[PDB]
């Protein structure tokens, strides 16, 4: 049943066939600038367009090196390396590495999964080449940027019941690592997702160099000069859902929010957020994950976070996105620090909205003096100072169960009401809220 091919050129015709079982032979395959052109291997982007359905593709022991210059060979258009348009396909075990750091002419995605019921399993992906690289999103991640960007994201999950499984995604690029747009029932399972960090102090130390940030006097898109004391990811979201997007299934173009996402047993390291699903609709479920050194741990809006952990070294482990947030059920372990604390947010959690049931567990005994569990109040988040992003800060919390099985202090702001707080220690619970209940329990 298995057709084996021994070159990228012989591979490409099968991508237009339904019901094929193909194996690309073990080996190293290189895509460079000379391979893009009208009589060259790749005349169009996406480079690898899986239009067929009901197919399987075996890339075991395949090292695919794509020179980032390919990102500039298709004019001012988005460049996708891999896109799946058909249904019921299985791609497995490919090792795919971006070579060099050349920025896209426009923007790039390594993998776009449209269609329905597809699965990508066992991939090892390394993402490079973007602009600017060094500032995270401080100078713009969308329209109206202070420094114009050429983003390069990793895996874009769209379509229906599409599945990312047992993948390793390393990004050294300014973009999302794994993200979901218009995806219905996407599942990310068993993946290791990793970016890298840089302090805002190191950014501000470009003063006087003529860097792009230096030439705008570090004025961020948030309305104020980049503040010292924060650790930022050079990437965007580790796993981030969007409330918009376009996808294609069965020849139908679809525009809709992501809905019913599921994330299971993922480890997320050094991204802007660990798991953020607050902007998807439907049922959100997160179980068994580990978030290390992200600016933000878990933000799913509503739904279930269970058997999950995050450290607090660079930002809070938990944050309610808006005052609308309702029904956020979470059980989160605050993990031992994976590096030295550098958390300018002055919070381990920011809680608001209503009708939440929240449990925090930890073995940490060394509590940094600036870290507390906040219910309502004015979070000192990098992106929400001085009225920036106003719906994402300074909001009320009501009818919340807070089980603080940790040593972290709790600060109940005056906009909090009907918070039912159980804690290891009550002496470090300040309550300026209304009709809040504080009871002690035995460690």
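Numbering follows the first chain given and starts at 1.
369-377 and 178-186 differ in mean CA B-factor, and the higher of the two is recorded for 369-377. Note on 117-125 vs 208-216: mean CA B-factor is higher in 208-216.
Taking only the listed residues 200, 93, 80, 101, the entry reports the highest CA temperature factor at 101. Of the candidates 412, 402, 66, 385, the one whose C-alpha carries the top B factor in the deposited record is 66. The entry lists a Cα temperature factor for residue 260 that places it in the lowest third of the chain's modelled residues. Compared with the other modelled residues of the chain, the Cα B-factor recorded for residue 5 ranks in the lowest third. Per the PDB record, residue ranking by Cα B-factor puts residue 266 in the lowest third of the chain. The PDB entry assigns residue 35 a C-alpha temperature factor belonging to the highest third of its chain's modelled residues. When the modelled residues of the chain are ordered by their C-alpha B factor, residue 41 lands in the highest third.
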